[PDB]
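First comes one chain, alone, set out as structure tokens in the form deposited in one PDB entry.
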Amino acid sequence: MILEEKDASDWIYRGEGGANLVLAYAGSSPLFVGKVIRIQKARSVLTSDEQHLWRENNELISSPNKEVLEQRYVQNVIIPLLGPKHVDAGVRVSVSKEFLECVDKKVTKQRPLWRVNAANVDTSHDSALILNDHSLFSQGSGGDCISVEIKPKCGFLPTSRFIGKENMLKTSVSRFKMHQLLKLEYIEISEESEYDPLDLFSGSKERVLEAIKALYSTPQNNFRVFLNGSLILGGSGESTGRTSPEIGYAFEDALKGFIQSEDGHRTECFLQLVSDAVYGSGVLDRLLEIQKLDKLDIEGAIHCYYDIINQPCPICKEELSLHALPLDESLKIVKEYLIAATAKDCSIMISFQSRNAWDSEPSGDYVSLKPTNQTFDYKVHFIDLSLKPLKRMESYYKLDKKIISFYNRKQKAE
């Protein structure tokens, strides 16, 4: 029930995002075998404005800590929306300060330096999240498991009435593609990614495959691959650089026996396998619907935000429409905007294993690889379904203004 100091040595770095540190269990305890632990970082549990926003979900507003908050957020808001088939809310577990402290230290050296600069484990939370490890095909075997993680980002184009005259490029150019230019400018990446989210979410099989090949070539922080829980393609707690021949070889070699093709051809077969799973599964259509809860764009939603927090709108100057909405409706719009923001920033994990004829109940989800003559069963889970803080509406607006006005400036340079 409680993780103490010495338990710390049975957990090993798995990765991290901007919000949580994730460790995988390497011990023997039947309690943790096949799990990861997800620990919130530090960069009362809900502002007053937030309790207003989440009023409809009381069990949410009365969450005693942040861990229970996320847990109930996923169970009560996200589940109802994506079904429970592809989602795990997690089980909370007591951790002690010294355990947390001990984990922080143990993994420090395996973290990107910049991640360590930005934040650490909040060693004041008394709880943490335990999740099923989706790099493991099933909880509690059918041989090896190749697991693929995709952070798809936003797969549609805003079409809002509320997009400003100087910003209409947002109407035709993906946010992900415009953001890439800024990141390069800010030395957050070394080269622009080849991935286009519009391809991946297109519903076109050839365009999904194109997205997958692109993710493979330039994974940044959008693509990872695991062999039985150990990373073989992608970044460790951060964006990785373009796939090089050295990385190409290492990954090709890691696939041996799993993709049963000739040496050198495994990679192409694996890419097709992922594509077939994504596409055939239809899992992205559902995610995309949630993303489209951002109905009005940040340029529209921001106006409702100031109404919700009762501040005169600094964006309007000396939109009669949005400002004439009843409070109830402004709340809805912003809540949906923040649900959409969860959807836009989560990941999909797709676990693969050789079709097991001895399954006592044969799986309905699988993929037959043309060439190899193999069948793989697969499973999809969504991960990283974090609650986004309402206050963040302000920076969403500024980051957006920054993205588009830099993209415009870059284009003007014809």
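Whichever C-alpha set is largest while still superposing within 1.5 Å between the two forms counts as the rigid core. Start at 1 and count along the sequence shown; that's the residue number.
Of the other entries that cover residues on both sides, do at least a third skip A42?
-> No, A42 is modelled in every one of the other compared entries that cover both of its flanks.
For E318, record whether it is unmodelled in at least a third of the other compared entries of this protein.
-> Looking at the other entries that model residues on either side of it, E318 is missing from at least a third.
Interresidue gap class [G264, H265; deposited sequence, unmodelled] | Count of unmodelled residues in between: none.
Count of coordinate-less deposited residues separating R43 and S44, as none, 1 to 3, 4 to 9, or 10 or more?
-> Missing in between: 10 or more residues.
For the stretches 246-254 and 98-106, which has the higher mean C-alpha B-factor as given in the deposited record?
-> Here the higher of the two C-alpha B-factor means belongs to 98-106.
On mean C-alpha B-factor from the PDB entry, just flag whether 346-354 or 49-57 is the higher one.
-> The stretch with the larger mean CA B-factor is 49-57.
Between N117, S202, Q139, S147, which carries the biggest CA temperature factor in the record?
-> So the option with the highest C-alpha B-factor is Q139.
Lowest, middle or highest third - CA B-factor, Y306 = Answer is middle: the recorded C-alpha B-factor places it there.
Divide the modelled residues of the chain into thirds by Cα B-factor and specify which third, lowest, middle or highest, holds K388.
-> Answer is middle: the recorded C-alpha B-factor places it there.
Lowest, middle or highest third: where is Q180 by Cα B-factor in its chain?
-> Within its chain, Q180 is a lowest-third residue by C-alpha B-factor, going by the deposited values.
Third of the chain's Cα B-factor distribution that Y186 belongs to, per the entry = CA B-factor rank for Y186: middle third.
Name the third of the chain's ranked CA B-factors that contains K370, choosing lowest, middle or highest.
-> Ranked within chain, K370 CA B lands in the highest tercile.
The form deposited in another entry is left out here; the points below concern that form.
Among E192, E238, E252, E336, which is the residue that shifts its C-alpha 2 Å or more between the shown form and the other one, core superposed?
-> The only residue crossing the 2 Å threshold is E238.
CA of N356, rigid core aligned, shift of 2 Å or more between the shown form and the other one | Yes; that C-alpha moves by at least 2 Å between the shown form and the other one.
Honestly, after the rigid core fit, is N120 moving at least 2 Å at Cα between the shown form and the other one?
-> Comparing the forms between the shown form and the other one, which are aligned on their rigid core, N120 does shift its C-alpha by 2 Å or more.
Answer yes if the Cα of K85 shifts by 2 angstroms or more between the shown form and the other one on a rigid-core superposition, and no otherwise.
-> Result for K85: no, shift under 2 Å.
By 3 Å or more, the Cα spacing of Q260 and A357 differs in that other deposited form; is it closer or farther than in this view?
-> Relative to this form, closer in that other deposited form.
Look at the CA atoms of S239 and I150: state whether they lie closer or farther apart in that other deposited form than in this form, given a difference of 3 Å or more.
-> They are farther apart; the C-alpha distance rises by 3 Å or more in that other deposited form.
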